[PDB]
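For reference, the structure is listed below as structure tokens.
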Amino acid sequence: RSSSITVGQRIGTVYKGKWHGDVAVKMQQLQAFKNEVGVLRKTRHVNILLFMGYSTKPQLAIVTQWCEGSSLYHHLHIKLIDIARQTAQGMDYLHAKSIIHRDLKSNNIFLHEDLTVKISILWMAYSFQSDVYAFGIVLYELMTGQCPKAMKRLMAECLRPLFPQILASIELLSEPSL
Amino acid sequence: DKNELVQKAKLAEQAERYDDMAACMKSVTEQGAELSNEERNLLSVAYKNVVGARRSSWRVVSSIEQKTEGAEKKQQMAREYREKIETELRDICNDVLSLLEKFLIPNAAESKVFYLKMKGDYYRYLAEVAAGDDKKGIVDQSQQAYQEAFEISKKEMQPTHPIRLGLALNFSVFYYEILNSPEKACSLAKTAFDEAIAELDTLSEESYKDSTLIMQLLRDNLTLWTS
Amino acid sequence: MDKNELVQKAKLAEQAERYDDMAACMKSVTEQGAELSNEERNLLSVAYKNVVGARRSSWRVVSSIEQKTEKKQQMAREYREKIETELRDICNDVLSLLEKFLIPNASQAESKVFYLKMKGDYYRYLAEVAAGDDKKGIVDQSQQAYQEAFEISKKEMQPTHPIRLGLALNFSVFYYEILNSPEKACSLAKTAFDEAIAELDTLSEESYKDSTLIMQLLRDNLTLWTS
């Protein structure tokens with residue numbers, strides 16, 4: 001050619017870590033922890049940030065896959081619809097497993113390798129429809145940065161449909177030479 | 001000599017040097033022979049790529065003419081460019097068309113349709129740059145050549161023979177684009193598309209992969225069309 | 001014909017990517033105005049850079065094929081000789097313009113540095129063509145050019161500002177490709193990068209993007225050159 005668990009960095013408590021590779025580490029309280037872990041064990045899907053395990057000592061910690069890239073919030077503030085489809089794909093999984101997120105926003109949606117989706121006042125309408133409202137604020141962030149007519153309609157319904165219907169909706173939504 | 005011009009073209013293509021490739025395929029064309037399938041692809045590629053550069057140039061500067069605001073002389077830069085570019089393109093089009101008509105058409109049997117197809121492709125690009133009414137006479141004699149081609153469309157070779165695929169695709173664009181009749185155009189696009197999708201089959205391993213590309217283009221046109 | 005229009009008119013040929021037309025356009029600016037300030041000088045630079053860039057890729061590929069293949073292939077030499085003589089003529093054009101307007105006009109450290117660097121790189125492209133007899137003169141002229149540029153830039157442009165950095169990296173390439181000496185390559189590249197790291201608090205607004213990009217290219221080359 002030519003031309004002319006190892007805890008490391010604090011990310012935001014969230015740390016970049018080492019455990020069989022790169023991993024994100026988040027490190028009354030016991031209960032909040034027990035519940036999160038308890039919920040995470042029940043998730044296994046490409047669009048849900050992969051839970052890898054927990055630690056009780058030296059401190060309480062949740063370990064997940066590392067996502068290189070950043071949050072949707074970070075990015076924004078056909079690809080867009082795909083982010084929306086994936087975001088709906090994981091929310092469906094969650095509800096079908098009777099899980100309500102309660103905190104869906106562009107900060108908790110991580111855009112892995114700038115391709116794969118991995119799951120505060122502005123997103124708050126708790127129920128399945130409350131997450132749907134939040135998700136509609138995400139569509140608003142996606143489409144305003146701050147668009148098919150069917151997508152504005154879908155926004156306004158979610159702002160309410162459940163995720164199967166939302167998914168169905170989004171999914172439905174010269175010569176080469178030798 | 002003439003096989004060595006095939007090499008010179010292959011060398012020029014690997015060199016990414018399309019304008020000299022056109023001069024080579026022009027000098028090949030003087031022989032008046034029916035070009036074999038590779039020899040024919042080379043003739044096509046050289047002129048195909050040469051024109052594409054001038055077309056996208058023309059698209060940007062025409063877009064800039066519409067976008068331009070204020071005193072004339074800036075718009076006059078774009079005018080001078082359009083005249084310069086459109087004449088450059090015109091002479092290129094007439095250069096290939098004269099060779100295509102004289103050498104290719106008189107000695108042309110799928111060759112006949114291939115050459116007629118080429119004729120209307122270069123005319124389509126002329127229609128893009130055309131202004132005033134001569135625009136009509138160009139699209140008309142172009143559509144005449146595409147009728148002559150489509151009259152052979154199920155005489156010689158299969159409903160999915162590769163040249164038939166391109167022949168159908170480009171004719172649908174005549175109706176859509178500037179004959180401005182997208183519903184008419186959809187009827188040709190979806191009848192050709194669904195005939196090939198129903199056929200679901202073609203002559204050779206090469207043709208299966210090639211055909212699999214083209215139907216996507218037709219879908220993207222049909223789904224864009226009448227949005 | 002005025003620099004007032006040509007500030008746009010070259011951007012037109014560039015936005016159309018017809019850089020050869022852009023090159024004639026910028027030559028007319030240059031002989032007319034005898035100056036380009038820090039944006040409009042990019043037009044001159046990018047036009048001539050892309051005109052040689054295509055040729056260099058073609059030449060690289062063609063000459064590679066010539067060595068790769070096997071007497072029949074002698075045609076490759078004909079076309080290489082055409083490309084080399086084009087690229088020679090293009091560089092003679094650039095040299096004659098750069099010397100005649102671009103050396104005597106110079107009235108800021110930026111101008112002196114920029115054109116002197118430019119001279120060296122246009123000789124460096126000739127060096128890719130050159131066999132040994134030509135090559136000695138070509139490399140001497142380029143080494144004079146990069147040295148003269150370096151001396152001024154070393155005093156005048158603090159590494160807070162970008163032009164010095166591109167000068168340093170290309171000056172490093174000139175040794176590594178033509179006269180391979182990885183110590184010289186690291187000496188220029190690593191010392192300049194260490195200076196730029198010492199300047200890293202105090203990059204200008206454009207330098208936050210551009211100089212960090214150039215520093216990344218320094219790390220990239222350093223990686224290849226320590227290999």
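Residues in the structure tokens are named by chain (A, B, ... in the order shown) and by number from 1 within that chain; ligands are numbered from 1 in the order shown.
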Exercise for review: Find the residues in chain C near chain A: any atom within 8 Å counts, using only C-alpha atoms. Write them as a VMD selection string.
Suggested key: chain C and resid 169 to 170 173 221
Please produce a file of those selected residues containing C-alpha atoms, as a compact mmCIF listing (two decimals), in the first residue's frame.
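Final output, selection_2.txt:
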# COMPACT_ATOMS: atom_id res chain seq x y z
CA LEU C 169 3.88 13.96 5.99
CA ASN C 170 4.46 14.23 2.24
CA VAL C 173 6.62 9.90 2.03
CA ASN C 221 2.02 6.04 8.01
Review point. When the cut-off is 12 Å and we count only C-alpha atoms, which residues of chain B are near chain C, given as a VMD selection string?
Key: chain B and resid 1 3 to 18 20 to 21 50 52 to 65 68 71 to 82 84 to 85
Review point. Out of segment 13-117 of chain C, which residues get alpha helix (DSSP H) from DSSP, as a ChimeraX atom specification?
Key: /C:13-15,19-33,40-68,75-97,109-117
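Residues within 6 Å of segment 21-35 of chain C, counting only C-alpha atoms and excluding same-chain residues fewer than 6 positions away, are residues 3, 10, 13, 44, 47 and 101 of chain C.
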Point to revise | Within 10 Å of residue 86 of chain A using only C-alpha atoms, minus same-chain residues under 2 positions, as a VMD selection string | key: chain A and resid 46 to 48 80 to 84 88 to 92 115 to 119 167 170
Point to revise | Selected residue, from A:114, A:95, A:8, A:175, that lies nearest to chain B when counting only C-alpha atoms | key: A:175
Please report, as a tab-separated table, each residue of chain A lying at most 9 Å from chain B, together with the nearest pair of atoms and the separation in Å rounded to one decimal; use only C-alpha atoms, and order rows by chain and ascending residue number.
residue	atom	partner	partner_atom	distance
A:174	CA	B:217	CA	7.3
A:175	CA	B:166	CA	7.0
A:176	CA	B:214	CA	8.1
A:177	CA	B:45	CA	6.8
A:178	CA	B:41	CA	6.8
Export N, CA, C and O atoms of the chosen residues as a PDB file, in the first residue's frame?
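What landed in part-v3.pdb:
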ATOM      1  N   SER A 174     -31.724   2.671 -13.764  1.00  0.00           N
ATOM      2  CA  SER A 174     -31.138   2.350 -15.057  1.00  0.00           C
ATOM      3  C   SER A 174     -30.173   1.146 -14.966  1.00  0.00           C
ATOM      4  O   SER A 174     -30.000   0.553 -13.908  1.00  0.00           O
ATOM      5  N   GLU A 175     -29.633   0.737 -16.109  1.00  0.00           N
ATOM      6  CA  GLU A 175     -29.059  -0.595 -16.336  1.00  0.00           C
ATOM      7  C   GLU A 175     -27.574  -0.790 -15.871  1.00  0.00           C
ATOM      8  O   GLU A 175     -26.711  -0.007 -16.239  1.00  0.00           O
ATOM      9  N   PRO A 176     -27.282  -1.874 -15.142  1.00  0.00           N
ATOM     10  CA  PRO A 176     -25.887  -2.321 -14.925  1.00  0.00           C
ATOM     11  C   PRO A 176     -25.302  -3.038 -16.146  1.00  0.00           C
ATOM     12  O   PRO A 176     -26.030  -3.608 -16.951  1.00  0.00           O
ATOM     13  N   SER A 177     -23.962  -3.027 -16.270  1.00  0.00           N
ATOM     14  CA  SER A 177     -23.257  -3.574 -17.438  1.00  0.00           C
ATOM     15  C   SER A 177     -22.021  -4.396 -17.064  1.00  0.00           C
ATOM     16  O   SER A 177     -21.273  -4.029 -16.158  1.00  0.00           O
ATOM     17  N   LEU A 178     -21.805  -5.500 -17.787  1.00  0.00           N
ATOM     18  CA  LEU A 178     -20.731  -6.464 -17.514  1.00  0.00           C
ATOM     19  C   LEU A 178     -19.320  -5.868 -17.700  1.00  0.00           C
ATOM     20  O   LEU A 178     -18.475  -6.361 -18.447  1.00  0.00           O
TER      21      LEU A 178
END
Practice item. Find the spatial neighbours of residue 130 of chain B, counting only C-alpha atoms, within a cut-off of 12 Å - ignore same-chain residues fewer than 3 positions away - and output them as JSON, numbers by chain. Key: {"B": [58, 82, 83, 86, 87, 89, 90, 123, 124, 125, 126, 127, 133, 134, 135, 136, 137, 138, 139, 178]}
Point to revise | Selection near residue 208 of chain B, 12 Å with only C-alpha atoms, sequence-local residues under 5 positions removed, as an MDAnalysis selection string | key: chainID B and resid 160:162 165 196:197 199:203 213:215
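A straight line drawn from atom CA of residue 7 of chain A to atom CA of residue 21 of chain A is 11.8 Å long.
Here the question is which of C:223, C:37, C:180, C:42 gets nearest to residue 118 of chain C using only C-alpha atoms, and that residue is C:42.
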Practice item. In Å, rounded to a single decimal, give me how far atom CA of residue 192 of chain B is from atom CA of residue 109 of chain B. Key: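 Between atom CA of residue 109 of chain B and atom CA of residue 192 of chain B the gap is 21.3 Å.
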Check your understanding: Which polymer residues have any atom within 8 Å of an atom of residue 110 of chain A, counting only C-alpha atoms, with same-chain residues fewer than 3 positions away left out, as number ranges by chain?
Key -> A: 67, 69-72, 106-107, 117-119
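Residue nearest residue 107 of chain C within the list C:222, C:188, C:36, C:163: C:36 [criterion: smallest interatomic distance, only C-alpha atoms].
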